[PDB]
């Protein structure tokens, strides 16, 4: 699958960098047991998506976008391994190869929950530290994207980017601020709290970021 392939490629480039290897195409080809031509094809596709840039010396430099994605795949891999050894107790000799697949199906919601249920997510069972925890959020998701009712917590209001200041007090009345558990629902978006019902507007809807 194209997506899964790219994710696998990005993770590979990440690993090599972490191991100290120069991410050269032939190295990635070897590690992924893919042929040079095949990887050139895939790498040539990643470039078109602004995911990687083949440096002047044929080394693959991950663009910020590609690295952000590569990181998320490492986090989903690592957490899968933590889950597999710690909870499931899968043979340590199977844990990694299995994780190589789980990283493509594990959602951020599951990841966040694993950060909860697991005793220690500092490193993977293989001693490689777990990246992207800050990015995972364990800032926040914008209400417009995160909002059926549900009770999240206000991570940020971002009143500073506001042009419309009418609902500032409407928020202050209901007592909605940073850390305020509130119940949202896209219908427009209305976030209730203190029995109060604050129906938001587009601008605030796009700037108020909440956590799960």
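Positions refer to the first chain, counted from 1.
The entry shows an unbroken chain from residue 110 to residue 111, with no unmodelled residues of the deposited sequence in between. Where residue 39 is followed by residue 40 in the displayed chain, the model omits none of the deposited residues that would sit between the two.
The PDB entry records a higher mean C-alpha B factor for 151-159 than for its counterpart among 58-66 and 151-159. The mean C-alpha temperature factor is higher for 169-177 when 169-177 and 39-47 are set side by side. When the C-alpha B-factors of 193, 11, 188, 25 are ranked from the entry, the top spot goes to 193. Residue 74: CA B factor lies in the lowest third for its chain, per the PDB record. Sort the chain's modelled residues by C-alpha temperature factor and residue 80 lands in the lowest third, per the entry. When the modelled residues of the chain are ordered by their C-alpha B factor, residue 143 lands in the highest third. In the deposited entry, the Cα temperature factor of residue 53 sits in the bottom third of values across the chain's modelled residues.
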